[PDB]
Ligand SMILES: COc1ccc2c(c1)C(c1ccc(Cl)cc1)=N[C@@H](CC(=O)Nc1ccc(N3CCC([N+](C)(C)C)CC3)cc1)c1nnc(C)n1-2
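Residue numbers (PDB author numbering): 42 to 168.
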C-alpha cells in the first residue's frame, strides 16, 4: 500500500561528469517534456497512497519519474548520456506495464515518448 523511499539523486561516492550530451539532455530533452500539457503525472514519484494504488510498488520494482531525472541532471549525478536515456525509458516502460492500451495515462506517456525520440535522434556527437 506506505510509499517506498524515492530513487537516489545524491551520492558523493559516485563519479560524475558534465558532457555536451548531458547538457543537451537537460536544456533540450528534459525542458521540452517538462513544459508539455501532459507532463504533470510524471513530474514526481508515483504517490501510491494519495492515488489509492496499493499494488503499484508490488508490480513496479524500478520506479522512475521526471522529477528524479531533473534533480539528477541539475546535480550532475550522471557519468554519461546512456544512464539518463535509460531513466527516461524506464519511466515510459513502467507506465505501459502498470496500465492498459488506450488508458488516458498511456496516451499521455505515448505523446511524451514521441517527443523524446525526436529529440534523442539529434543527440550531438560527444566532444
Ligand atoms: C499525480 O497524479 C498522477 C500521477 C501518476 C499517475 C497518474 C496520476 C494517473 C493518471 C490517470 C489519468 C489521467 Cl488523465 C492522468 C493521470 N494514472 C496512474 C494509474 C492510475 O491511477 N490507475 C487507475 C485506474 C483505474 C482506477 N479506477 C478505480 C475504481 C473506479 N470505480 C469507480 C470504483 C469503478 C474506476 C477507476 C483508478 C486508478 C499512473 N500510472 N502511471 C502514472 C505516472 N500514473
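Yeah, the Cβ is synthetic: ideal placement off N, Cα and C, and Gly gets one too.
Quick check on residue i: buried or exposed, where buried means 16 or more other Cβ atoms within 10 Å of its Cβ?
| i | result |
| --- | --- |
| residue 158 | exposed |
| residue 43 | exposed |
| residue 145 | exposed |
| residue 87 | buried |
| residue 70 | buried |
| residue 166 | exposed |
| residue 52 | exposed |
| residue 114 | buried |
| residue 93 | exposed |
| residue 162 | exposed |
Can residue i and residue j be called in contact, C-beta distance under 7 Å?
| i | j | result |
| --- | --- | --- |
| residue 125 | residue 74 | no |
| residue 83 | residue 105 | no |
| residue 153 | residue 79 | yes |
| residue 139 | residue 110 | no |
| residue 91 | residue 50 | no |
| residue 131 | residue 103 | yes |
| residue 119 | residue 63 | yes |
| residue 121 | residue 57 | no |
Check residue i in the structure and name its three-state DSSP category.
| i | result |
| --- | --- |
| residue 80 | coil |
| residue 128 | helix |
| residue 58 | coil |
| residue 164 | coil |
| residue 50 | coil |
| residue 44 | coil |
| residue 135 | helix |
| residue 144 | coil |
Which residue spans inside the segment 59-123 form an unbroken alpha helix (DSSP H) run of at least 4? Whole alpha helix (DSSP H) segments, 4+ residues: 61-65, 72-75, 97-100, 107-115.
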